[PDB]
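Next up: just one chain, as structure tokens, the form deposited in one PDB entry.
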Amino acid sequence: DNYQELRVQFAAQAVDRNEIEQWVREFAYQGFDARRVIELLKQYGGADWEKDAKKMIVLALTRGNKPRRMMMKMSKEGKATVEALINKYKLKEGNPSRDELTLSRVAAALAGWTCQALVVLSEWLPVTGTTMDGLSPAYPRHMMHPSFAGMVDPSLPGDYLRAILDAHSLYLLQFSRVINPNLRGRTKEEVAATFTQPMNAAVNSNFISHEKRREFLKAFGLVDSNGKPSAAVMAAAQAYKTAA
């Protein structure tokens, strides 16, 4: 048994690009499992799942991702509603197994609705639309949640895709610093290192086709019928370039 010979023979094995890249995708970072999230919503929720999901998205966007914590500072009626949601959907916090629901996961799996809701919810978010407008004129409300990444069509022409992601990153920079106060004294590049992984995971996920995602981007007014980013997106992308 010549271990040195086994080693050199191993090195002589093909470097199969197709095979290796498939493994990369198989082992890639995944933030959440959209198909499982919806399956669980339908399972626990039955006939009530759609309305309950909408409530859970409003909760995620205006109060956060800790159901037991938010209950401590809430009206009697609101607390009762959340209590019932926890018991019905077995809601957890943070990053449990894929067989468990969280408020943030509901928002992410149903991003088409979430992003639209941001238009309505703007002034009740941790970073408001008004604040974003100070950084870039008419900042797109549809981009104002990490859930937006799942609406991005990665097959857009490179320059258009980059503009969409840079624009969205301007929000992510502000949002990350509000949610995690310890990121306030860190550079843009350092903060980006913390939000790019989940962003790219959703951009490149197998959930919602390229064509359907671009349809959402067009419906949201983020790109025109030719896929070119809106003036507001271009402004925000430029603002990200010079952001600190």
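The term rigid core refers to the maximal set of C-alpha atoms that superpose within 1.5 Å between the two forms. Shifts are known only where both forms have a C-alpha. Sequential numbering from 1, following the sequence displayed.
Note that the form deposited in another entry isn't included here; everything after this is about it.
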Self-check item: C-alpha of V24 off by 2 Å or more between this form and the one not shown on rigid core
Solution: yes
Quiz item: Rigid core fitted, then: does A11 show a CA shift of 2 angstroms or greater between this form and the one not shown?
Solution: yes
Practice problem: Spell out which consecutive segments of 3+ residues have Cα shifts of at least 2 angstroms at every position between this form and the one not shown, with the rigid core used for superposition. | Solution: 1 to 27
